[PDB]
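these are from a larger complex, still in place; more later:
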Amino acid sequence: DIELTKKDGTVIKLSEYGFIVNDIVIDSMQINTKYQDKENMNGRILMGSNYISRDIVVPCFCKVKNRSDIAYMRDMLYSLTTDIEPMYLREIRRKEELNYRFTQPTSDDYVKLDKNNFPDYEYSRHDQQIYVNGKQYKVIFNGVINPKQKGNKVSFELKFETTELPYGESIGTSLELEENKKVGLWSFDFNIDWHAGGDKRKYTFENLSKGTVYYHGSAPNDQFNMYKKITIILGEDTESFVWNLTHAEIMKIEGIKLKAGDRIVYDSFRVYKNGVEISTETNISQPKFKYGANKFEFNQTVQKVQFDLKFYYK
């Protein structure tokens, strides 16, 4: 219940700004269907079906000490939130409906009050809220009205909306999973084994014709807009270079001659032959990680493969 927003150049959270929130409700993704009805047949063909948009709603109110200040506070809200600038929203929850604790009415152990006139139930460090999950959402704002209930309390009804892709982009790459350097950004929503360096954590293999990958993301990383990015030290010289993959298509690189120690950066629908001067004419096919086991099969025992990606959720 804070509605964190990471904008291009800053980080903001509402309750820091005197802005309590009632709740956050996140719709699912609007499935746009594409059916076609045959003329006299009791059944209609599915041309397609496709996720579109994940409309968020967040009603937030605010109290202040005096009626004038309402105006300022409201303006702050707009200047703080209503941003066409695609932002990264992060949801927050509490772990408990906190109450005031027992005290002693002996002219001592009195109660605290926040900067806003409320009772601080958060006595200890471990009371305040948490990033409930290690993911974000690429988000933009839609119109709000501000009904002023009595006093200094005024409500607002934010209506956020997904920007590019209706998915729960996981923050942090898969290499931070590999190297346990960055802390946070890994919630139990992702069923992740502790065996760092073990299987289903590793995306850095060496000297293999074929290997195994566990894509922890329920949603499939077929869309190029996702940050799926591979880089391979090819290991062995060749004239052509095929690699296959399951839950995806076959990939070739024919017609250009390579060398062993040369490396390929295989970005989404894009191929850096040696990091620059992209040679992407050969078999334009992009790979697709669906969920769980995504087994790959090279053909000449690359001396290194490693690939970072982002986990996406539905």
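All right, it came through fine. Numbering: from 1, shown residues only, chains lettered A, B, ... in the order given.

max-length strand in chain A?
Counting residues, the longest strand found in chain A (DSSP state E) is strand A:44-62.

can you list the buried residues in that one?
For strand A:44-62, burial by neighbour count (16 or more other CB atoms under 10 Å) applies to A:51, A:53, A:54, A:55, A:56, A:58, A:60, A:61, A:62. Every residue, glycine included, has its C-beta placed from N, CA and C.

cool, and stretch A:164-180?
So, applying 16+ other CB under 10 Å, buried residues of stretch A:164-180: A:165-178.

could you dump that stretch to PDB, C-alpha only?
Listed next in PDB are the C-alpha coordinates belonging to stretch A:164-180 (Å, rounded to 0.1, in the frame of the first residue of the first chain):
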ATOM      1  CA  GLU A 164       4.100  -1.700 -24.100                       C
ATOM      2  CA  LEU A 165       3.500  -5.300 -23.100                       C
ATOM      3  CA  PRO A 166       0.800  -6.600 -20.700                       C
ATOM      4  CA  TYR A 167       3.100  -8.500 -18.400                       C
ATOM      5  CA  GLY A 168       4.700  -8.500 -15.000                       C
ATOM      6  CA  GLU A 169       8.200  -7.700 -15.900                       C
ATOM      7  CA  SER A 170      10.600  -9.200 -13.400                       C
ATOM      8  CA  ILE A 171      13.100  -6.700 -12.100                       C
ATOM      9  CA  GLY A 172      16.800  -7.700 -12.300                       C
ATOM     10  CA  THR A 173      18.200 -10.000 -15.000                       C
ATOM     11  CA  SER A 174      18.800 -13.700 -14.800                       C
ATOM     12  CA  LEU A 175      22.600 -13.100 -14.200                       C
ATOM     13  CA  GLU A 176      21.900 -11.500 -10.800                       C
ATOM     14  CA  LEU A 177      20.300 -14.900 -10.200                       C
ATOM     15  CA  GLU A 178      23.600 -16.400 -11.400                       C
ATOM     16  CA  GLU A 179      25.900 -14.100  -9.400                       C
ATOM     17  CA  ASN A 180      24.200 -13.600  -6.000                       C
END
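
what's in contact with it?
A:29-30, A:51-54, A:86, A:88, A:90, A:134-138, A:182, A:185-186, A:190, A:192, A:196, A:201-204, A:217, A:219, A:223, A:225-227, A:306-314 (CB atoms under 8 Å, 6 or more residues apart in numbering).

take those and keep only those in strands.
Secondary structure from DSSP E places A:29-30, A:51-54, A:88, A:90, A:137-138, A:204, A:306-308 of the contacts of stretch A:164-180 in strands.

now distance to residue A:245 too, for the residues you listed, in CSV please.
Shown next, in CSV, are the ones in strands among the contacts of stretch A:164-180 (distance: CB to CB, whole Å):
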residue, distance to residue A:245
A:29, 26
A:30, 30
A:51, 23
A:52, 27
A:53, 29
A:54, 28
A:88, 29
A:90, 32
A:137, 28
A:138, 27
A:204, 17
A:306, 15
A:307, 11
A:308, 16
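
which of those lies closest to residue A:20?
Minimum distance to residue A:20 across the ones in strands among the contacts of stretch A:164-180 is 17.3 Å, recorded for residue A:90 (CB to CB).

quick one on the thing from earlier: which one of the ones in strands among the contacts of stretch A:164-180 is nearest residue A:253?
Of the ones in strands among the contacts of stretch A:164-180, the one sitting nearest to residue A:253 (CB to CB) turns out to be residue A:307, at 16.1 Å.

so how many other residues sit close to that closest one?
Applying other CB atoms under 10 Å, we find 21 residues neighbouring residue A:307.

spatially nearest residue to residue A:268 (excluding sequence neighbours)?
Excluding the flanking residues, the one nearest residue A:268 by CB to CB, 6 or more residues apart in numbering is residue A:224, at 3.9 Å.

I figured the one you found hits residue A:287, correct?
No. Using CB atoms under 8 Å, residue A:224 is not in contact with residue A:287; the gap is 10.1 Å.

then chain B, please:
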Amino acid sequence: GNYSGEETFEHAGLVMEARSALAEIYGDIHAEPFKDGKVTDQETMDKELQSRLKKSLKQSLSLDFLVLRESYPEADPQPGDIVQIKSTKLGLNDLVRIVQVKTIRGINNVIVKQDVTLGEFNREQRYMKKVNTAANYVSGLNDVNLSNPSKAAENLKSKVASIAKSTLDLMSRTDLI
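One more piece, chain B, placed on the ones above:
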């Protein structure tokens, strides 16, 4: 294509018929033959002929393009370039050339969308150019009379045959002397 200007069918001048590779499965068809021609050599008569062939099995790909600015910016489409398209679930990975492009630019010269056509420019635009050529070639003339046309053409043609008859008379009368 080498018979003289005054013959028109006594088919001297490199009589030949060619065909493409796909013929053998489709079979016997043929287009309007290369009747008009004053070209001597035979090297020409195969090039122009196969060009008349391969221009006709027409493929117009009037796809739509949508510009990505934050990503893939290095795709400013320009006409008369090579491009490698590939549509899955279509049976298509070949490369083609642009023949038409259609840009829009609101303000700051930022693009909003593109439209393009590949290979031949369209079926559509071919029809429309045909119509407009008809409608402008006509009304540029002056012989046209919508009420009973062909007086202007039949007067001419009958005059031509009449002078040919007079020329026949002259030929006989001169060969007499």
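
revisit the neighbour count of residue A:307 given that chain B is now included?
Residue A:307 has 21 neighbours, counted by other CB atoms under 10 Å in any protein chain shown.

contacts only, for it.
Going by CB atoms under 8 Å, 6 or more residues apart in numbering or on different chains, residue A:307 touches A:174, A:203, A:228, A:229, A:230, A:231, A:232, A:266.

mind running it again at 10 Å?
Residues near residue A:307 by CB atoms under 10 Å, 6 or more residues apart in numbering or on different chains: A:173-175, A:203-205, A:213, A:228-232, A:265-266, A:287, A:289, A:296.

elements contacting the longest strand of chain A?
Applying 3 or more CB pairs under 10 Å, 6 or more residues apart in numbering or on different chains; DSSP states H and E, we find strand A:44-62 packed against strand A:25-37, helix A:69-81, strand A:137-142, strand A:154-162.

CSV for the ones you listed, including distance to residue A:129?
Shown next, in CSV, are the helices and strands packed on strand A:44-62 (distance: least, CB to CB, whole Å):
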stretch, distance to residue A:129
strand A:25-37, 17
helix A:69-81, 18
strand A:137-142, 18
strand A:154-162, 18
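
distance to residue A:247 and mean neighbour count added to these, as a markdown table?
Below are the helices and strands packed on strand A:44-62 laid out as a markdown table (distance: least, CB to CB, whole Å; neighbours: other CB atoms under 10 Å in any protein chain shown):
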| stretch | distance to residue A:247 | mean neighbour count |
| --- | --- | --- |
| strand A:25-37 | 20 | 12 |
| helix A:69-81 | 39 | 15 |
| strand A:137-142 | 24 | 18 |
| strand A:154-162 | 24 | 19 |
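
of all those, which one is nearest chain B?
Closest to chain B of those is strand A:137-142 (CB to the nearest CB; 11.5 Å).

between that closest one and helix A:69-81, how big is the angle?
Inter-element angle recorded for strand A:137-142 and helix A:69-81: 130 degrees (by axes from the mean of the first three to the mean of the last three CA atoms, to 10 degrees).

so what strands line up beside strand A:137-142?
When pairing is defined by DSSP bridges, strand A:137-142 lines up against strand A:87-90 (antiparallel), strand A:154-162 (antiparallel).

which residues of chain A lie near chain B?
Residues of chain A that fall close to chain B, judged by CB under 10 Å from any CB of the partner chain: A:86, A:164, A:224-225, A:249, A:267-270, A:278, A:280-285.

tell me which entries of the residues you listed lie within strands.
Using DSSP E, the residues of chain A next to chain B in strands are A:267, A:270.

buried subset of the residues of chain A next to chain B?
A:224, A:225, A:267, A:268, A:282, A:283, A:285 (16 or more other CB atoms under 10 Å in any protein chain shown).

what about the helices in chain A?
Here chain A has its helices, by DSSP state H, at A:69-81, A:175-178.

contacting residues for whichever residue of the stretch 1-150 of chain A sits closest to chain B?
Here the stretch 1-150 of chain A gets closest to chain B at one residue, residue A:86, 9.2 Å apart by CB to the nearest CB. Applying CB under 10 Å, 6+ apart, we find residue A:86 in contact with A:7, A:8, A:138, A:139, A:140, A:162, A:163, A:164, B:70.

so which residue of chain B comes closest to chain A?
Taking CB to the nearest CB, chain B has residue B:86 as its residue nearest chain A, at 4.8 Å.

so what are the sheet partners of the strand ranked longest in chain B and their directions?
Selection of the longest strand in chain B by residue count, based on DSSP E, yields strand B:95-105. Next to strand B:95-105 in the sheet, as set by DSSP bridges, lie strand B:82-84 (antiparallel), strand B:111-119 (antiparallel).

return the most buried member of those strands.
Ranked by mean neighbour count, the strands paired with strand B:95-105 are led by strand B:111-119 with a mean of 15 (mean count of other CB atoms under 10 Å in any protein chain shown).

run through who's touching that one.
The contact list for strand B:111-119 (CB under 10 Å, 6+ apart) reads B:58-67, B:69, B:75-77, B:79, B:83, B:85, B:95-106, B:124-125.
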